[PDB]
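So the chains spell out like this:
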Amino acid sequence: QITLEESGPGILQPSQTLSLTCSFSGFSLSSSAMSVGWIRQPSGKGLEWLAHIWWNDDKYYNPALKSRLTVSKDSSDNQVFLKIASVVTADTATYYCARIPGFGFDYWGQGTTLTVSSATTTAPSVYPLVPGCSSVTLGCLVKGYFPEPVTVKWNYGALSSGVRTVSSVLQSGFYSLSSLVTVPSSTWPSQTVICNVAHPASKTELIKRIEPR
Amino acid sequence: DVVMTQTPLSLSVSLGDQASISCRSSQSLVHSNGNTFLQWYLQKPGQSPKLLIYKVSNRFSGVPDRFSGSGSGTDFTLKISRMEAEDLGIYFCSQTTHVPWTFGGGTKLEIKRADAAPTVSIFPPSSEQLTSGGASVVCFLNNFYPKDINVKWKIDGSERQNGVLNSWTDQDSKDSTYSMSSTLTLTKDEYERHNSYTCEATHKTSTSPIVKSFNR
């Protein structure tokens, strides 16, 4: 059961220090051969290796960023840390930690998305798509929010087939998307259909029941 | 730094067909030890990268037989022998033999399937949005191929282009289709001013638009 999970602020103002944590299980550093690395990807762009720390405390840094970067570990707590000093707009990216046994990267955590902005965090408003107010298409629309990302689920994740979630659109400083599911008629409205929208940056966990009229 | 050149930038593959992805190195990827550390990853839409092939040719616990790697020194190839629906996403090569560790630019692999006409749905603004002074009319083109689609909005039979935001999904993992939402956003006052609200998809499967309207 190898797993890796990263955590960050979600949003950070320019010039301040970014502090990322990589929590893991299924392996140990201080176990030998054994490394955890940091990789970043700006939206729709390439992957950039940042740094990695080995079991023996050997640290390796990307020269283009080196003097701003600091990797460290706490092997007893199964955690790796990355510090990025005086952060700029270009540091906006999804950050990953990944295990290195030998050779590469194998896994790969979920990523933590970071936005470098001077702006207030704004939670989303979530609205029915109801038709209209054999199979039926329903949805949740998902306006007003900052920064990215938002997570949208249906019936707390139990409804996953038929889900279509379009990519976000930025306009006037705010993002929006919509997520739709096609169910069976029989289905809805006889059974409950709920969207779960999470916005970690504003600590938002909201829910919309899809009601007919 | 070692520059990784990936070819092609994008590939459209029919199901069951073969696909090759090239990765070329600016320096030799043979380490002193003397392994060759070239890895292949698939990043699926909305997911983190997954290791497919490590050290040129080793296929990683869980990875289907359909994926294979070959090459030596400076020239490397990922092969997918039979294309399946779930093999959608962006493929990347890593070098880890030289610091700084560098990646290829990526190859977006898209699946080429039979043509599919969209299923169109229109959604009036919700009462909860209307209560706060806003009105978004959403319309919602499900499961076309190919990706190229046009939406036209009509208010009382007159075309509207202001306040329209369009957005696509990523290609689907099971049926290989696209979806897109077109959203016309107005104020409550402006929405309450008009009656007929119309959206129409033209798509290459039909020269005639699929039209959906509500009146309120």
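Anything mentioned here points back to the structure above.
Residues numbered from 1 in each chain as written, not as in the entry; some residues may be left out. Chains lettered and ligands numbered in written order. Heavy atoms only, no water. Residues with missing side-chain atoms left out of burial classes, pairs and counts.

### With respect to the pattern of salt bridges
We apply this condition: Salt-bridge detection follows one rule: a side-chain nitrogen of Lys or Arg within 4 Å of a carboxyl oxygen of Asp or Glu. Burial status follows relative accessibility: with a 1.4 Å probe on protein chains alone, a residue under 20% of its type maximum counts as buried, one over 50% as exposed, and anything between as partly exposed.
Scanning the model with the defined rule gives 19 salt bridges over all chains in all. Residue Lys 59 of chain A is joined to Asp 57 of chain A by a salt bridge in which the shortest nitrogen-to-oxygen separation is 3.2 Å. The partly exposed category is assigned to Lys 59 of chain A, whose relative accessible area is 35%. Residue class for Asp 57 of chain A comes out partly exposed when judged on its relative accessible area of 40%. Note that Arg 66 of chain B and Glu 84 of chain B form a salt bridge whose closest N and O atoms lie 3.5 Å from each other.

### Structural notes on the pairing of strand β12 (residues 135-145) of chain A
Residue and element names in this part refer to chain A. Selection rule: By definition, any uninterrupted DSSP run of H or I lasting at least four residues is a helix, any uninterrupted run of E lasting at least two residues is a strand, and each is numbered from the N terminus. The pairing criterion for strands is at least two bridges between them, as found by DSSP.
β12 sits mainly inside the fold: eight of its 11 residues count as buried. Bridge analysis of strand β11 (residues 125-129) against β12 gives five bridges, and the strand direction is antiparallel. Pairing of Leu 129 across the sheet is with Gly 139, part of β12. Relative to strand β16 (residues 174-184), β12 runs antiparallel, the two sharing 10 bridges. Within the sheet, the bridge partner assigned to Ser 135 lies in β16 and is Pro 184.

### Quick look at the nonpolar core
Soluble globular proteins tend to pack their nonpolar side chains together in the buried interior. Here is the rule: We call a set of buried residues a nonpolar core when its members are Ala, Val, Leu, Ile, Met, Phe, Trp, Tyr or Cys and they connect through side-chain atoms within 4.5 Å of each other. By definition, residues are in contact when any of their heavy atoms lie within 4.5 Å.
Residues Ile 39 and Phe 105 of chain A together with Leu 38, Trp 40, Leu 52 and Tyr 91 of chain B are the most contacted members of the largest nonpolar core, which totals 41 residues. Where this core is concerned, the elements lending two or more residues are β5 (48-54) and β9 (93-101) of chain A together with β3 (19-25), β4 (38-43), β5 (50-54), β8 (75-80), β9 (89-95) and β11 (107-112) of chain B. Top contributing element to this core by residue count: β4 of chain B, with four residues. In contact with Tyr 91 of chain B, not counting residues within four places along its chain, are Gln 6, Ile 21, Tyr 41, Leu 42, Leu 52, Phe 67, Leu 78, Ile 80, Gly 106, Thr 107 and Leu 109 of chain B.

### Re the sheet that holds strand β12 (residues 119-123) of chain B
Residue and element names in this part refer to chain B. The test is simple: Here an angle of 0 to 180 degrees is reported between the N-to-C directions of two axes, which are lines fitted to C-alpha atoms, with helices fitted over the stretch in contact.
Read across the sheet, four strands follow the order β12-β13-β17-β16 without closing on themselves; strand pairing throughout is antiparallel. The sheet is open, and its two borders are formed by β12 and β16 (164-168), each paired with just one other strand. Along the sheet, successive strands turn relative to each other by an average axial angle of 15 degrees, direction set aside. Both strand β13 (residues 134-144) and strand β17 (residues 178-187) contribute to a ladder of nine bridges, which runs antiparallel. Within β17, the residue paired with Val 138 across the bridge is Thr 183.

### Focus on the pairing of strand β18 (residues 197-203) of chain B
All names here are of chain B. Of all seven residues in β18, six are buried; the element is thus mostly enclosed. Two elements, strand β14 (residues 150-155) and β18, share six bridges in a ladder whose sense is antiparallel. Bridge pairing links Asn 150 to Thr 202 in β18. Here six bridges tie β18 to strand β19 (residues 206-214), and the two strands are oriented antiparallel to one another. Looking at β19, one finds that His 203 is bridged to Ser 206. In textbook terms, the turn of a hairpin is the stretch between consecutive antiparallel strands, and for β18 and β19 this stretch comprises two residues.

None of the figures reported here should be taken as evidence of function without further support.
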